[PDB]
Structure formats: C-alpha cells, structure tokens
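A.B. asks: What follows is a structure written as structure tokens; I'll ask about it next.
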Amino acid sequence: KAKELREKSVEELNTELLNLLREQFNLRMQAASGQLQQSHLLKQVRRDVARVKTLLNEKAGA
Amino acid sequence: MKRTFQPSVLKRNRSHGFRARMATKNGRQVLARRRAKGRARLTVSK
Amino acid sequence: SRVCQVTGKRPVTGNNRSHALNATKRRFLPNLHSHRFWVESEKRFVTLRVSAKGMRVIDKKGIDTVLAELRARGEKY
Amino acid sequence: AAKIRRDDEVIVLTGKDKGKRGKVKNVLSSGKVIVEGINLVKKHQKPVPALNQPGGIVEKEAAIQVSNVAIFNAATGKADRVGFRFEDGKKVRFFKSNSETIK
Amino acid sequence: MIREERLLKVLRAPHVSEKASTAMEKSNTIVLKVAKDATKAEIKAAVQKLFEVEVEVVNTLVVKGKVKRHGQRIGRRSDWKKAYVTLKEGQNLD
RNA sequence: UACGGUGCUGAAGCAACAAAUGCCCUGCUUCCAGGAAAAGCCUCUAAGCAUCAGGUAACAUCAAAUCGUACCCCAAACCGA
RNA sequence: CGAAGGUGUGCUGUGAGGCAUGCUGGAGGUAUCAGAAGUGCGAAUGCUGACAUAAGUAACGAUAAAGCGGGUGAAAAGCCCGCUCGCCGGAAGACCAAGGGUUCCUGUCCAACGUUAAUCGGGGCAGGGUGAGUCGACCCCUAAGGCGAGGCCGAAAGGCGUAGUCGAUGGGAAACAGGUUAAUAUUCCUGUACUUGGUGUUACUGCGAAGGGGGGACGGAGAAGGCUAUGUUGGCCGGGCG
RNA sequence: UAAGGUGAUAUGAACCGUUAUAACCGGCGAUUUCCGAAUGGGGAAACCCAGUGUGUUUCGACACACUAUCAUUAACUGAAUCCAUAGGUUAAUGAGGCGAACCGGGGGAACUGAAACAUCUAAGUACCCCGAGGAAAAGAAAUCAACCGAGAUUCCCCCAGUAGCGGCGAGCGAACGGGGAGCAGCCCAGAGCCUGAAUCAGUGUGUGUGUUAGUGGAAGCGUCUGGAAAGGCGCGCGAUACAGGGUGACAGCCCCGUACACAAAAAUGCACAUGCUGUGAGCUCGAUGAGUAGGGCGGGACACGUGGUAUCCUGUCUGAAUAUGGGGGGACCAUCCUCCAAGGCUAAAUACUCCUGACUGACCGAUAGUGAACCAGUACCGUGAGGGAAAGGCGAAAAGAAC
C-alpha cells in the first residue's frame, strides 16, 4: 500500500493513521472477547500503521 | 542457633549491588570479568 | 605529586645495598621546594614547587622563559 | 531454480512406489515432495471430541525425497533431467533429453 | 489533555472473571486490562472517549506474573495492570 | 435452601464498683554521668517591587500522581542441605 | 548371500595371541609390507558411573492422645462432616516488620515430592485473587556515615576533604465506624469526616531570603494524683423450668 | 531471487502469494522503550525527582528539545585593590566508556635453584597501573671497524654456549665479523633570492580491481539379490567437472554442488589518474641543540655482581669547550682513525587473533574433544570475589501403535 499512500498530504496521512489506530483498538477489544475470528487482521493493521509512520517520517525531514 | 547468613535486602545491595561495583575500579574490574565469563546474573541486583 | 614543575623530576626507584649487598627497594625523591618567584614583566609573584635544579635553571634562563615553557607544556602556575 | 514444482507430473526413480507416476501435490522446504497417490502410509488417527474427527486407520500420502522423483517427459515416454535457460528475458525449464521446453 | 493516539494505546482489554462480573452488576464498575505505563487519569480519559461513558473514579493495581514450568524449563508470565473503573450512576456499558 | 448459606427481622442496649505496665506525662520531683540534628511550623526584616504582584478572608471549583497491598511471618513459607 | 561390535563352540601356536564357525548384530571392515604412537592396568586411602554388602536390619524427628458414627472413594488409622476425648492459652492464639515471593482461593490429578496410605497437601496442571488524597513507600528534613566541583596531597592507581549532595533506625498534612469476597480491604460499598496544594473570587492591603530570632528539641530514676482500655456485680431485655 | 510462504521447540488456527511491491537474500535508509561511560540532579542498575524554553489545551494538562564533568579556545563579566589577575556566566570543539592477544612506558614479588643460606638465581617473570596502534617500538651514526674498510632501524640463521661475568658456586652469557629478509631518507633551530617547483594529508570526480545478493553449469539405462540399490552382473555416456555432501545399503551421469564461464541499482576497501583546499621544492649565505657534556656522592642498565671497568640512564651537589672545538675507539696517557650529543619526523621486512571467509589434518569422536555436541558459564554451590556439573543416537519415513 506504500506507493498509494505516498501520494498524499501530511494532514491526510495523519487522519489515515488515526483511523488505522482506531481500527486496531477495535480489533483488540474484539480479540479479547470471542468476537474476532480473523486474527490476521490485527497483524495487517499494525503493519499498515508502521508504514504510515514511515511515510510521515520520510515526508517530515528526510 | 543464629546462623551466619541473616538476609537484608538493602544491606545486600549496598554491599554487593551493581552501583557499588560501579563506584570503584576493582568493582568495575570484577563486573568486566563476570561479563567475560558469560554470567547471566552480572550482580546481586534482582 | 612530588614533581618539579620546571624540570619534571619525579621520584625514581632504586636500591639500598648493604655492606652484605642486601638489595632493598627505595626511592630517590627530588629536592622540591615551593618558592615564590618574582616575575618582573607581570609584576607579581608566581609560586612554583620546583627542585633546586629547577631554581638553578630558572636563574640561568630567566623565570619568564620557564613560565612560557610551562605554558607550552600545558601546565598551570 | 527448483526443478520440480507444485503441479508437475513426476515419475518415481526409487522405493516401493518406483516406476509409478503421479502429480506433485505439494513441495516442502525440507527438500521433500508429497506426490498424489505415490508413497502411502496407514496412519492410526487418534480420535478427538473437538474438530469432528472420528479417528481410524487413515491411509494418507507420506513425503518422498525430491531426488527420488523425476520430471516425466510425455514425448519420450520416460523420466528426464531438467535444465534451465533464458527465453525472451525469462528463465524456463527444459528436458535435457530432446531439449524441449517444459509447458 | 491526553493525545488521541496515546489514549487508544492505553486500554488493552476487558477482564472477564466472577469478581469482575459482580463489580459490573452491583457497583457499576468495569474491570479492564490496561497498559502497565498507563496512569489513572489517562485510563479515565480513554474510557470516556473510547467507550463514551462518564467516569466517577479509577482504581488501578499491578498484577504480578506467575512463575510457570513448561516441561523442565522455568519461565515467568508478564506483569500487567488491572483497572477497576467506576462509572457514574445510570451509565450502562455495552 | 445448590445444606455452603442467602433475604427479611430485631428486645434491651443502663448503673455501680474495681482497674493497668496504656493516656494526662515531651509533665512534676530529684540525681549527676548533664542528656541528636535539620526541615516542616511561627516570626523579623534586606535586596527588591510600588498602587502591580504577593500576603489572609471566606467562598467556589479542580487536586492529590506513582509504587506496595494476596499469603507465611517464634514458622512446614524467613536463617539452619 | 550380513561389516564392526556382542556371545558360544572347535582347532591351532613356546607365549603375548591367531584362524574358522553357530547365534546376536544391521554397516562398515581391511591383507601384505612399511610408517606414527594418547599402544596394553588389579592395585596408586587413584578419578567417573553402575551395582553389591550390612538388611528388609536401624530409624520414620519431642510421651499434647485418641475413640466411634456417617460421607466420598478402586481402596480410608491419617481426607470431609458430626459427637466425644485430650493439648496450648504472655501461646502452640491474633496483627505486623524483616526475609520469602503466589506458598493465598477454587477446580482438578496422585507418577514423583510427603520418612507409611492418601481420595488429602505448602506436590502436579488450569483458572482466579492484591482496588488508597488520609496505611506504608516515594516525597520534605536531617544523624552516624557515604560520595564529593574546585581544592590539598600522592610513581600510577588513588587518599583526604570545602561548597554541596546522598543517607533512617529519628523529625515532617489528613479517616473513622459498620457491611461485603471463595480469596482484598482504615484501599470496595454505606454512612459520617478531615488535609494542603493550586486556580478563580469578592474583601482587604506591606509583600519579599540562600539571611536574623523563636520553635521543633529531646537523659536516668522516683513519686504519686487524675483517667481510660478492660473486667466484675447488680439492674434491664430475651430465652429456660430441667 | 522466486512458486511458495507467515523463525524454532510445535503442531494447529487465521491468512497471504503463484510472473510479479507473497516469502526469502543483499545495499542504502527509517524506527530504535528503560538501564549502562550514562551525561539535568539523585539512586538499593533497568527506578525517584526536577529546572528552563518553545508550542498547544476540550484550560484538567500535554508534547518535545535542552540542561553532566574536564580540557582547550573565544566572548561577555569581574574581587580583596587603582589598573590588572583570580574568580564567574555563556558559546564552540574534543575527550570520557568497552574490547582477545600483540606493543611502549611507570611500578614489581615469592615459591624455586644454589642439594642449607644471605650475594646470586627465579626475573624485570607473575601481577598491578598509564598510554597507543593496526601494528607498536626503534631509526638516519657525537655507530662500528682497524690503518683495510663498512655505512639508519627492525627481524631470521651463524659467530658461540665462544669471549667474558660469576659466594669464579649455582648459574648468566655477548660482541666483532659473515649469510639472508627488507631497504628511504627527510625537516626545524633563519634569513636572502626566486615563487606554487617534489612529497604528504583530507576531499570530490574518473578508471581498474576486489567485497557485500547472485546466474548458468556436463553425462545412465537394463537386470539379480533386497524392506529399499547408489551393491552384483551386463552394456553405455561426461569429464578444464571422479572436491565434498545428501538421497531407503557403497552414485562422475538422481539431487545439491564441483571445473569453467558470467553478474551489481546501491554501498564500500585498495591501486594508479585528476581537480580543489592546506603543505612548501631547488639556489646562495650562514647558523649547527648548556644547567648540556664532563665530574663528585647514591642507585640502576649494559652478558659484564665495582672489579683494573670503559659505555648508557640519573636522585643529589657541581659544571666546560662550543669546530682553531667536542664525542668515541673497554682503566689511563700519547699518536692515529672515526663520528658530531645536548630538537624532531619516517614506510618496509617483525609481533598477535576477540573476530570474518575459504581450505587442510597418521587431531578427538560423548569419562575423548572446549567447562559446554544437549537452551552451559546453565542448574547447583557460595554474603561475595568466585566455583561449576550431569545430560548426544527410534526409524528410510512417525508410518509414534485406530480398535
């Protein structure tokens, strides 16, 4: 997804990151209960977040 | 019968703990030696 | 530390030999002395822990020169 | 640069199922393949209440060494060796005997 | 003022147990697993934002990890922070 | 009534005497062997600031984080294999 | 079509040994003539492991003490319940510090651990459990002492020490009663409290420290007097009529 | 580079991926909690407590940066005390700590041997301390030699267990000279001319060649035994590849490789080539290292123990000449020869291996080999420094024994 997310603004990125974080939180909440029967999702979300962070760093002073 | 070891944590730490070891040159040397040996517990420190 | 500031004379080790040649370790300390030296240029006394040899050297050369040398060496006075 | 792959029909050079043929089912990182119908073992499957397994003498396909199988060339009617070569900026396998590309 | 991102990270899970259940039912108090670094105020903030529910007060405690033995080898479970969060009267939590 | 307990209910609830080694007592009396320190606390001003801050006055509101809290502890859990 | 190794047998050499072969074993061995040695073990109160002997012997860890009924169980002297009996009671009870670090509670299991059995356990496995403005630490302050900028001293390492900064075993703000969990409670809940900080206020109007002063701030013994904790008796209230 | 993947005990679950952002491998980046030199202050390491400033706030608070010490230089400030200096506050630069051995320096034992023991030996060893580098140190004759000559240092073989030293005991033990490895010479004590002339370091660029992923890489079938063939027996083929490892028993031709031939977007080592910054070459005139050389007293080093003892170093007290001069040639003198101390720099041959890769072994094969083939510096023991084990093998394949 990095090549797609690279074509964005800083503000845009930040919002996306926030959203991702929220999603992750939700997953965690679900995971703890017996709701989440799709574990890979959590793995994905974290990765996405990381990617976003990396992108942000690249943008701001690199 | 009052046996020799009469534990006290603070006393132990002050005596033998990491910071004490650091404080002196000989202590430092000891630490270094331990490291070289491969000790898991470098000091008395928990 | 017993070190002439002008000359650099430290203590050196050696032996006491007895009449039966019994070596025993000893030191040879330098003949140090703290002496106020008048510095004519700056118009003040500079105290220096110096050997008698150091003093002699100073006399020979001029205190100023000695001071300069010391400075060059990175030594406070 | 792996000469035998998932969907290749192979012939067995050695063992109890030597001479027989079968499609490679899957290939393991250990340097062994599992081929369809070839090396069979009658495992005694231990029952478990969970996962809906009844448990019995299940005859399943054990692995075989990749070295023990060979890619079969349909044209020659025989086992062949595989070579590698670049056709149109892309690496491809070919039968050593007859020099034809694997497709 | 706690950062949104920080808040999201704070809260680890709901804690299911008899005691927890009792707390929920009788005293209107939810029992959460939270980050070991998460202070009380932060936790409260997280609760308010992320569950949309007024908080009366948060009590926290640190649960020490049990030492276990997997076969011959000894090994300790991690410490973790439990939080009893008391919700205001009439606050029903999903 | 899951024989573990749970829910409701609930009378009187006074007086005298005795009484510590505990409290008044960091007191009092006495003795010589002549009995910590520093902060909190109260107070005084200096440089300062000057009609601002600061101080005390009540009242309102917010605040009090963090770590410990199980259990043994004259002992089968600590020091003695 | 069975290597080394293991184990029998037969033959053979003056001896160290050699050859052959049955069984076991399941993959290596090696003639000859040369070459090199970690080259030969019964002893060293040799070293390591294994296994004997004494021997099914001594002992089973305070002479506080048990008995029976029922339960569970494959099985009960030992576990649970009950009724008796006995022991401690300035402790063998209750609550902490130190030290330990889950031993707490529940379910479950009995190989090992428990000086016997064990259904039991501080044993195994799984799950649960430790809630603080006012308790303690942290924090402010210092003692003995420690470290110690500069400094003084010292072949080097380093020693001593000023300013300082650390250091409790001492000084420094504040919470009680009841109820509750299988397991926490001055921490949860119920009631009724207190503290010292900010911030804002209106009201007032000399505030201000690294400084001054007070205070904190202190020994042993003795003697009482006033008290309470607590206990006894009576009254009261409930139950009883052997 | 790919058709398979999501490390291991260790399966499963939920998934991703298959011609190219699945996974894997390599370059350059990003992130990089806390403790630790630890550096904002403190501290019982992985914890406690700040200050200042810049931004934000739902005004409850957040965030993130900086704040050690020393040295050096600079700026401002600044006592007694007039100027000054000490001191003080900032700023910049560097340092600090760790690390196997080797290296140089500062200190420096004893057991032991001498059949006792004290000189002596062990030994400048062990050890402690400081400092450095990929090597270090040494180094460009005030050196040897012998009336012939050599031509800085270092290292190897000889000289030689010689000459010597030595309670002339035990022991210690050269040099000259010869053969080799490697070889390199320069600058300042200073000013004149000429002005960018050789060389070196940092730093870009270019070329070559490594290194850090990789790619291709030959040729075998039948039959007998057997659980299985790579074995037997047949008949073939490859070989710049019969190194090695695996594969159901022993495989050149089944697999991985091997010989051989190729490969780098990116980073980077070493050579030369070249630009820029600093550095000054050649010429003439000189100048030619003083508390120094020597000496006395005391020690130490030189094979050399004070001896008839040259030479070097210096704790102590002295103290020249200064090239018409001075040093040395093993007491000392005379002659001759030979060199120029009291300022520096300097590659190579030499020393070592914590570590990386490749290959080898009349080295070990689980009481051996590392202490450690195994989750070992672990368990366990000890207040602590420290000590410190045991423990490998089912099978070809779990087909690990349903009922």
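By order of appearance in the structure tokens: chains A, B, ..., then residues from 1 within every chain, and ligands from 1 in the order shown.
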Give me, as a list in words, the contact residues of chain A against chain E at a cut-off of 10 Å, counting only C-alpha atoms.
C.D. replies: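 Residues satisfying the distance criterion: residues 17, 18, 19, 21, 22, 23, 24, 25, 26, 28, 29, 30, 31, 32 and 33 of chain A.
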A.B. asks: Can you tell me which residues surround segment 93-97 of chain D at a distance of at most 7 Å, considering only C-alpha atoms (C1' of nucleotides), apart from same-chain residues fewer than 2 positions away, and format the answer as a compact mmCIF listing (two decimals) with N, CA and C atoms, in the first residue's frame?
C.D. replies:
# COMPACT_ATOMS: atom_id res chain seq x y z
N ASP D 80 13.14 -37.75 -17.35
CA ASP D 80 14.22 -36.91 -17.88
C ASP D 80 14.80 -36.03 -16.78
N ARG D 81 15.93 -35.39 -17.11
CA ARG D 81 16.51 -34.34 -16.27
C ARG D 81 16.13 -32.96 -16.78
N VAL D 82 16.11 -31.99 -15.87
CA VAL D 82 15.66 -30.64 -16.16
C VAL D 82 16.84 -29.68 -16.19
N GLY D 83 16.90 -28.87 -17.24
CA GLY D 83 17.86 -27.77 -17.33
C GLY D 83 17.12 -26.45 -17.36
N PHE D 84 17.88 -25.37 -17.22
CA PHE D 84 17.35 -24.02 -17.14
C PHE D 84 17.97 -23.18 -18.25
N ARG D 85 17.16 -22.30 -18.85
CA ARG D 85 17.63 -21.41 -19.91
C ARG D 85 16.74 -20.17 -20.04
N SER D 99 15.72 -31.57 -25.49
CA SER D 99 15.93 -30.11 -25.43
C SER D 99 14.67 -29.24 -25.57
N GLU D 100 13.50 -29.81 -25.32
CA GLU D 100 12.24 -29.08 -25.45
C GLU D 100 11.85 -28.44 -24.12
N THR D 101 11.18 -27.29 -24.21
CA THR D 101 10.79 -26.51 -23.03
C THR D 101 9.61 -27.17 -22.31
N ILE D 102 9.60 -27.06 -20.99
CA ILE D 102 8.51 -27.61 -20.18
C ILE D 102 7.33 -26.63 -20.19
A.B. asks: Hey, what does DSSP flag as alpha helix (DSSP H) within chain C? Can you give it to me as a VMD selection string?
C.D. replies: chain C and resid 52 to 61 63 to 73
A.B. asks: Write the selection just made, keeping C-alpha atoms, as a PDB file, in the first residue's frame?
C.D. replies:
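Resulting contents of result14.pdb:
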ATOM      1  CA  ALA C  52      66.893  23.198  43.479  1.00  0.00           C
ATOM      2  CA  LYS C  53      67.971  22.188  39.976  1.00  0.00           C
ATOM      3  CA  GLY C  54      64.779  23.844  38.726  1.00  0.00           C
ATOM      4  CA  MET C  55      65.701  27.004  40.626  1.00  0.00           C
ATOM      5  CA  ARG C  56      69.176  26.936  39.104  1.00  0.00           C
ATOM      6  CA  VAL C  57      67.684  26.550  35.634  1.00  0.00           C
ATOM      7  CA  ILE C  58      65.369  29.495  36.261  1.00  0.00           C
ATOM      8  CA  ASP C  59      68.311  31.605  37.398  1.00  0.00           C
ATOM      9  CA  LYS C  60      70.230  30.671  34.262  1.00  0.00           C
ATOM     10  CA  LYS C  61      67.428  31.334  31.777  1.00  0.00           C
ATOM     11  CA  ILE C  63      61.762  32.977  35.039  1.00  0.00           C
ATOM     12  CA  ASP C  64      59.738  34.325  32.126  1.00  0.00           C
ATOM     13  CA  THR C  65      61.199  31.782  29.717  1.00  0.00           C
ATOM     14  CA  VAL C  66      60.500  28.983  32.190  1.00  0.00           C
ATOM     15  CA  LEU C  67      56.911  30.163  32.563  1.00  0.00           C
ATOM     16  CA  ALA C  68      56.498  30.219  28.789  1.00  0.00           C
ATOM     17  CA  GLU C  69      57.862  26.681  28.565  1.00  0.00           C
ATOM     18  CA  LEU C  70      55.434  25.539  31.253  1.00  0.00           C
ATOM     19  CA  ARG C  71      52.548  27.141  29.377  1.00  0.00           C
ATOM     20  CA  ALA C  72      53.611  25.390  26.182  1.00  0.00           C
ATOM     21  CA  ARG C  73      53.602  22.080  28.096  1.00  0.00           C
TER      22      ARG C  73
END
A.B. asks: Taking the DSSP assignment computed from this structure's backbone, write out as a list in words all residues of chain C that belong to strand (DSSP E or B).
C.D. replies: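 After running DSSP on the backbone, chain C has strand (DSSP E or B) at residues 12, 13, 14, 15, 16, 24, 25, 26, 27, 28, 32, 33, 34, 35, 36, 37, 38, 39, 44, 45, 46, 47, 48, 49, 50 and 51 of chain C.
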A.B. asks: Write out as a list in words which residues come within 9 Å of segment 21-31 of chain B when counting only C-alpha atoms (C1' of nucleotides), dropping same-chain ones fewer than 3 positions away.
C.D. replies: residues 15, 16, 17, 18, 34, 35, 36, 42 and 43 of chain B; 157 of chain G; 385 of chain H
A.B. asks: Using the selection just defined, write its residues with N, CA and C atoms (P, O5', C5', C4', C3', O3' and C1' of nucleotides) as a PDB file, in the first residue's frame.
C.D. replies:
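Just written: result16.pdb:
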ATOM      1  N   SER B  15      26.196  -3.413  49.802  1.00  0.00           N
ATOM      2  CA  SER B  15      27.427  -4.221  49.807  1.00  0.00           C
ATOM      3  C   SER B  15      27.867  -4.618  48.413  1.00  0.00           C
ATOM      4  N   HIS B  16      26.993  -5.318  47.704  1.00  0.00           N
ATOM      5  CA  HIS B  16      27.385  -6.104  46.544  1.00  0.00           C
ATOM      6  C   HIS B  16      26.741  -5.691  45.246  1.00  0.00           C
ATOM      7  N   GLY B  17      25.798  -4.776  45.298  1.00  0.00           N
ATOM      8  CA  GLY B  17      24.957  -4.499  44.156  1.00  0.00           C
ATOM      9  C   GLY B  17      25.689  -3.771  43.063  1.00  0.00           C
ATOM     10  N   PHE B  18      24.955  -3.465  42.007  1.00  0.00           N
ATOM     11  CA  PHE B  18      25.557  -3.022  40.769  1.00  0.00           C
ATOM     12  C   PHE B  18      26.273  -1.692  40.980  1.00  0.00           C
ATOM     13  N   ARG B  34      33.184 -10.875  35.066  1.00  0.00           N
ATOM     14  CA  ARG B  34      31.915 -11.607  35.059  1.00  0.00           C
ATOM     15  C   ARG B  34      31.338 -11.655  33.652  1.00  0.00           C
ATOM     16  N   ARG B  35      31.350 -10.491  33.021  1.00  0.00           N
ATOM     17  CA  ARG B  35      30.849 -10.320  31.650  1.00  0.00           C
ATOM     18  C   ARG B  35      31.589 -11.247  30.696  1.00  0.00           C
ATOM     19  N   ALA B  36      32.901 -11.236  30.844  1.00  0.00           N
ATOM     20  CA  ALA B  36      33.804 -12.061  30.027  1.00  0.00           C
ATOM     21  C   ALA B  36      33.443 -13.530  30.167  1.00  0.00           C
ATOM     22  N   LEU B  42      24.914 -10.732  36.371  1.00  0.00           N
ATOM     23  CA  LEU B  42      26.158  -9.984  36.463  1.00  0.00           C
ATOM     24  C   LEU B  42      26.430  -9.527  37.890  1.00  0.00           C
ATOM     25  N   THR B  43      25.362  -9.194  38.615  1.00  0.00           N
ATOM     26  CA  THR B  43      25.440  -8.779  40.019  1.00  0.00           C
ATOM     27  C   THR B  43      24.309  -9.375  40.855  1.00  0.00           C
TER      28      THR B  43
ATOM     29  P     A G 157      46.396   8.360  38.459  1.00  0.00           P
ATOM     30  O5'   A G 157      45.847   6.975  39.025  1.00  0.00           O
ATOM     31  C5'   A G 157      45.162   6.060  38.157  1.00  0.00           C
ATOM     32  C4'   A G 157      45.016   4.703  38.803  1.00  0.00           C
ATOM     33  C3'   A G 157      44.064   4.620  39.988  1.00  0.00           C
ATOM     34  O3'   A G 157      42.711   4.439  39.591  1.00  0.00           O
ATOM     35  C1'   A G 157      46.068   3.507  40.523  1.00  0.00           C
TER      36        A G 157
ATOM     37  P     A H 385      30.111 -12.203  43.226  1.00  0.00           P
ATOM     38  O5'   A H 385      31.700 -12.206  43.234  1.00  0.00           O
ATOM     39  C5'   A H 385      32.422 -11.059  42.775  1.00  0.00           C
ATOM     40  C4'   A H 385      33.884 -11.200  43.108  1.00  0.00           C
ATOM     41  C3'   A H 385      34.612 -12.340  42.409  1.00  0.00           C
ATOM     42  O3'   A H 385      34.994 -12.010  41.085  1.00  0.00           O
ATOM     43  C1'   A H 385      35.134 -12.370  44.709  1.00  0.00           C
TER      44        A H 385
END
A.B. asks: Skip residue 73 of chain G itself and residues of its chain fewer than 5 positions away, then list as a VMD selection string all residues within 12 Å of it, counting only C-alpha atoms (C1' of nucleotides).
C.D. replies: chain G and resid 79 118 to 119
A.B. asks: If you keep C-alpha atoms (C1' of nucleotides), can you produce a file of those selected residues as a PDB file, in the first residue's frame?
C.D. replies:
ATOM      1  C1'   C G  79      -9.215 -36.579  53.870  1.00  0.00           C
ATOM      2  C1'   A G 118      -3.577 -40.829  50.892  1.00  0.00           C
ATOM      3  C1'   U G 119      -9.406 -39.597  47.941  1.00  0.00           C
TER       4        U G 119
END
